[PDB]
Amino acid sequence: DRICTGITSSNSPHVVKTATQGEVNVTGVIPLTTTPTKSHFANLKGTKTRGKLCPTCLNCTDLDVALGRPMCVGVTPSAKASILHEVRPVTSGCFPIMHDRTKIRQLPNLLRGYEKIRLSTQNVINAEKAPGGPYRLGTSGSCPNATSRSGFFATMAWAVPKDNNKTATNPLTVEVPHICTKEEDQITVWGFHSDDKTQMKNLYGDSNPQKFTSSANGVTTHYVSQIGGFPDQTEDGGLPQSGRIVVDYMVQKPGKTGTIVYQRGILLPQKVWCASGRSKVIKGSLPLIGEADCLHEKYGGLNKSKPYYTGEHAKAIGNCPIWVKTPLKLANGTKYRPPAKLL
């Protein structure tokens, strides 16, 4: 008899690429990729995941918290991963702000990029004794408290001249010292109040536009105020007001003093943010539901099965599959062979 070596023949619908034989049909494969499905976002397995800056602070927005709105002062937990859920963060109370006139909306998004964030317990500047005559610390019914009808942002002080016969002033300069640790960045919040002609005279003794300039870390910004004819109030406390505030922030690296040059209507910094480390940030939505190996901007939370994935590439954090252009497969069979017969 004759005895020979041979290879099986079976249905071979699967195709893989080779270098020397081109595409070939094989009896079996191991898929290396899947296309994920869009799911809700979730907590990152093995990593505390930040959503709202202060989750215990109810009816508060991240921006409200960042500005130190009354009722919105609380604990801001540390996190090595964060979800950016507001590309344009809004306020939901206190005194009316002309937001788009500065970079202020992005303040809470800057904070979430740090691992640890805390609001200072002491004031960085003594507002009452600040340059430009003694000031009383202004308040407003627009900013209520559980135990008060009136108040103001914890991060700022509405410095208004105490003295009768208050009058116009030359631009004054304050230094803003760095009061955080050597390991922390300081984010200083400041701004200015403006109003209509009469109200300006009452409050400040000048009805002309006021000028403001900040300088920190090599960055200079310049602002000129507006007298009357303001755009409508929005994202505020609901009370009609004749004036508006403009709010800004400046970042000070450890050991770096910042300065503010101001006139009337100045909102001097008080409690400042102290921030250290880095948090992994990606875009997503709230709420966080469950655990996942990986957080993905286009698919939300997902668990890692296959090593690779196909679909839309985007930013993604955690234990994630690696994006590929095509659905790769590993050969797990033999190359196709026509069935052999005798006659």
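Residue numbers run from 1 along the displayed sequence.
Higher mean CA temperature factor, per the PDB entry, when comparing 142-150 with 197-205: 142-150.
Look at the mean CA B-factor for 185-193 and for 128-136 in the entry; the higher one is 128-136. Of the residues listed, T173, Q106, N164, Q263, the entry assigns the biggest Cα temperature factor to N164. Across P307, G311, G277, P55, the entry's maximum B-factor at the CA atom is seen for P55. Ranked by C-alpha B-factor against the other modelled residues of its chain, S242 falls in the middle third. Per the PDB record, residue ranking by Cα B-factor puts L288 in the highest third of the chain. Compared with the other modelled residues of the chain, the Cα B-factor recorded for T257 ranks in the highest third.
When all modelled residues of the chain are sorted by CA temperature factor, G51 is found within the lowest third. Remark: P321 belongs to the lowest third of its chain, ranked by C-alpha B-factor as recorded.
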